[PDB]
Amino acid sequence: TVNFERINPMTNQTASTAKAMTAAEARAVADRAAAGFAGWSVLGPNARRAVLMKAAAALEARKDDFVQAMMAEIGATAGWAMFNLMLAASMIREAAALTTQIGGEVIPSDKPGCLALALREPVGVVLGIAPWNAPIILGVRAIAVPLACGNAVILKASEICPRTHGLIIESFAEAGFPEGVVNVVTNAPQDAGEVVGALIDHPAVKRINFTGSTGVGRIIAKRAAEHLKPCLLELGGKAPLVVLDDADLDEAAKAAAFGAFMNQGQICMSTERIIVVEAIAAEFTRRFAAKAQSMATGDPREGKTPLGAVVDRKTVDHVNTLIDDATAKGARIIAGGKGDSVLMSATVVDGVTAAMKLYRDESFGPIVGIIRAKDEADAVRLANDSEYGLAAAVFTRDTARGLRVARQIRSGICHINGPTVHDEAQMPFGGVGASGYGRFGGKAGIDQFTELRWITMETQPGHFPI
């Protein structure tokens, strides 16, 4: 009996503990999922919908356990935890709504009398690896539509929030899924490679969805290639927000502040780079600096400030390194600055250049860089000067120009006059380049967790050339 612990970042005392599973124990979880698949996969759409609706209600019934777990494990505000619970429950109800919408197509054939079908069928066991930053939302995203598609699931819980992720599986356990359909795997950080490797290698595991860093994503894709397993990879992001000469500067500053500092900038689509054309750069910067200065940081347990704590000291040191590298290379701090605790200030760095680590590196903290563009063509080039391509935004009162710019930006997501932080269960969500491939949400999500099969039936005798 071996456990690992998660230390509370606000108190430095144990927040929670969980089983440090071995590769053998993780394989036995996949064997239980493999055995539960057959029964669950043949259940009708209304019966499947009814179980998923019970899971959403059971998730909402564990509200007190979820708020305590998120606040203790990741240093979240009670508001961020309630937002997580609310939206996670809505995503389960969207997955329940989709069961009668997962079907197929009838395609006309040139073979006389041939009835030809393209059917979307359940695959088997889906492995869902979820991160800690929006833990209920992303733990639920890793398994909801996979379950609605008739698959058994393994939620590979984050070592940063094992209780928050464990509570998702305990909520689903009250809904009445058959035995072995919903499962959890927990592991110590040092065993991640061997435990995740053993699950990817397991013959019953047919689809892998992973949300996390590009570096770990590439390791997962290489391990999956060894057994020809398809992956849905939601990786890093360095979201740019472009401000053109006719942008509503008040609206751009409000959208940029919300996108840069929501959840202390710990979101895959947080605003990392603000690219402003020279014509309005001084005015935008003044408005944005004043807005970032008005957003206070405070103890998340008090619930009185827009910003709470970052996940741990590693983020504090990484953000401080990015600030020191930037200012040593000529950049200027125009809001916030370096911090000595997890209660970090909303920081704005002006004069960010290609020589600085902050221009390219994913900060995952409450820091944003302002980059100067000469004109629209230069702003597009700067927005595209990144290996990443998850979310992006463009601000302009000429929305037709916003569409021309969005078409040139290389990203999976682009919001015209909206913040970079935005997601809805019915929308396809994913990246290009180093941000990965595949999409969660809507019809694209269904395609990721079903097997498309060409099934035909003859109604006449065949006419063979030989």
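Quick note: we count residues from 1 along the sequence shown, nothing fancier.
Averaged over CA atoms, B-factors in the entry run higher in 180 to 188 than in the other of 180 to 188 and 116 to 124.
Stretches compared: 301 to 309, 155 to 163. Higher mean C-alpha B-factor in the entry: 301 to 309. When the C-alpha B factors of 324, 201, 385, 234 are read from the deposited coordinates, the top value falls at 324. In the PDB entry, the Cα temperature factor peaks, among 172, 288, 210, 395, at 288. Sort the modelled residues of the chain by CA B factor and residue 15 lands in the highest third.
Residue-level temperature factors show residue 27 in the middle third of its chain, judged at the C-alpha atom. Ranked by C-alpha B-factor against the other modelled residues of its chain, residue 435 falls in the lowest third. Remark: residue 51 belongs to the lowest third of its chain, ranked by C-alpha B-factor as recorded.
Per the PDB record, residue ranking by Cα B-factor puts residue 101 in the lowest third of the chain.
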